[PDB]
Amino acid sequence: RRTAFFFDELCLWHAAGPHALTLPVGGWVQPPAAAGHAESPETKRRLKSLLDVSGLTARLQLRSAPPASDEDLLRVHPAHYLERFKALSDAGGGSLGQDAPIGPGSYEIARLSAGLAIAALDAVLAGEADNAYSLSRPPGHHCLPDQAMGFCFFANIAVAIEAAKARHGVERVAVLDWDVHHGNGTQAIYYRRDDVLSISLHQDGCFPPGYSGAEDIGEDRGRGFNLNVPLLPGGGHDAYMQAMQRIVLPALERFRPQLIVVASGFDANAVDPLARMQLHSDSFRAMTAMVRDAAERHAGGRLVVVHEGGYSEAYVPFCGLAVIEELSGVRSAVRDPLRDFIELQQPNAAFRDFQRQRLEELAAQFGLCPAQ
């Protein structure tokens, strides 16, 4: 398999003002001696370094892209949003929204981040590669058209899909969002649309806080083309396998996508500070294998994975590597040193049974229960 890896070093130069994890410095929050904001360059940089040291980089088709044009950005965001962002970026940064801090030059880097997503979809639709991975930072799946949130400043995936519709005329795109938080940006933009099926697996009530959303299935022309799977906090490998087999694959089977796009955050990993789930690198490998199979059956193999969250410096690189190995069909020498440990921590039989029953009920609510 021919996998394109879209990456630009400048995406690792985006940096907010001083934060302790997600907490802006000031008042009772002391400036950190070392760390900084949870969305730090180093998580993404360490994925890139492990790809290089593993030699996977040599087996990929390495590519960059021009930044997103105004035309592409304006298909989803208003001009005054672009101005406000630009102005705040030139004045050293600050807070652009709710949990949406930016640094100096963040505007140009966010444009580049959106450009990589655009180019990755384009490459896979033009037949330049069988599938693709876009290491775009800052992420996109929380961003609303006129509102930055959750560390996201442009709706990278939506911007990329609208650019793909204009240039190629792809009619049916599925967005599977396994970032551990709710993909509310993507949900909102495509809520009354049937040309995009948006599916979000997420920790129930995590982010946005208190939101589950099982009953929000889309509206009018979009009714039945948005699916939320609020997994109980503490869930791990089995919960996600169960969700994939009962909800996600049946839903994709029904929808018949011509292109699958994955909002791939790795913040469901077992050591992430920003969620409470218990995935290991083989979970992400297994999920990628399942969605790639769906892409091969319906979409001519056309699958793009766009990097979103993941806030464990130590463990995100192994999770990301697992996805890219699975995308490319190349198994590197890297062994995940936390995998066997995380297997031992999984939910017991009773908790697994409890979550499994909830997913059976949910699959029944969505009218996805087999039979076939």
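All residue numbers are counted from 1 along the displayed sequence.
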Open item on the list: Which is higher on mean Cα B factor in this entry, 100 to 108 or 220 to 228?
Closed with: 100 to 108
- [ ] Quick one: say whether 118 to 126 or 262 to 270 has the higher mean Cα B-factor in the deposited entry.
- [x] 118 to 126
Open item on the list: Quiz for you: based on the deposited Cα B-factor, which of 55, 32, 317, 347 is highest?
Closed with: 32
Open item on the list: For the CA B factor values reported in this entry, which option in 253, 179, 238, 195 has the top one?
Closed with: 253
Task: Chain thirds of CA B-factor: placement of residue 204 - done: lowest
Task: Assigned third (lowest, middle, highest) for the C-alpha B factor of residue 74 - done: middle
TODO: Would you check the entry's CA temperature factor for residue 242 and let me know if it's in the chain's lowest, middle or highest third?
DONE: middle
TODO: Just say lowest, middle or highest third for the CA B-factor of residue 93 relative to the other modelled residues in its chain.
DONE: highest
- [ ] Pull the Cα B-factor of residue 150 out of the PDB entry and bin it into the chain's lowest, middle or highest third.
- [x] middle
